[PDB]
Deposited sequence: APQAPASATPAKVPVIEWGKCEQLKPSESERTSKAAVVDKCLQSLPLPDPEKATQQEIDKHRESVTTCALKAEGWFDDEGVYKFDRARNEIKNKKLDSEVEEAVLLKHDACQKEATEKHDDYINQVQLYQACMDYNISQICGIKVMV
């Protein structure tokens, strides 16, 4: 269980804050109590990962009363990071583009956030030059 080295490229401002790191450690710790990790197939690991992720989003208030992911919360959290204005523009464009694809391809609110997050993970890493080394 090696600690990753992250190169944040042009997006160092996206680094999580101390409150976010402390929260995420405790929220995921609690989710794993009731959704323990297997230690088998890729399919089983992924399902367990996705279940822990939904549990973590709900614990942090990421679904509104209708159960829809809070896309507008995500958008505002990007702006609150205070990226360089040109980089902020590019990151907000990908938020809007990924949201539109997710909500067109899926009616299911969980499938929507999985597609949105997959789309943001790929596109934000490319624009920012983010590299994770384990």
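Q: Going from the first residue of the deposited sequence to the last, where are the unmodelled runs?
A: Coordinates drop out over 1-10, 50-52.
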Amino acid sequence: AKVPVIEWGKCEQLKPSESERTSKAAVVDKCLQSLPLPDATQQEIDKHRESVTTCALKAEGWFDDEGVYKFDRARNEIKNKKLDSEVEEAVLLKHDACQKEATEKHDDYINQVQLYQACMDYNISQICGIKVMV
From here on, numbers count along this sequence of modelled residues.
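Q: Using only C-alpha atoms and the B-factors in the entry, which stretch averages higher, 7-15 or 108-116?
A: Averaged over C-alpha atoms, the B-factors run higher in 108-116.
Q: Looking at the entry, does 44-52 or 66-74 show the higher mean C-alpha B-factor?
A: Comparing 44-52 with 66-74, the higher mean C-alpha B-factor belongs to 44-52.
Q: Can you tell me which of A90, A26, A97, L37 has the highest Cα temperature factor in the record?
A: Spelled out: the listed residue with the top C-alpha B-factor is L37.
Q: Going by the recorded CA B-factors, say which third of the chain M133 sits in, lowest, middle or highest.
A: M133: CA B-factor falls in the middle third of its chain.
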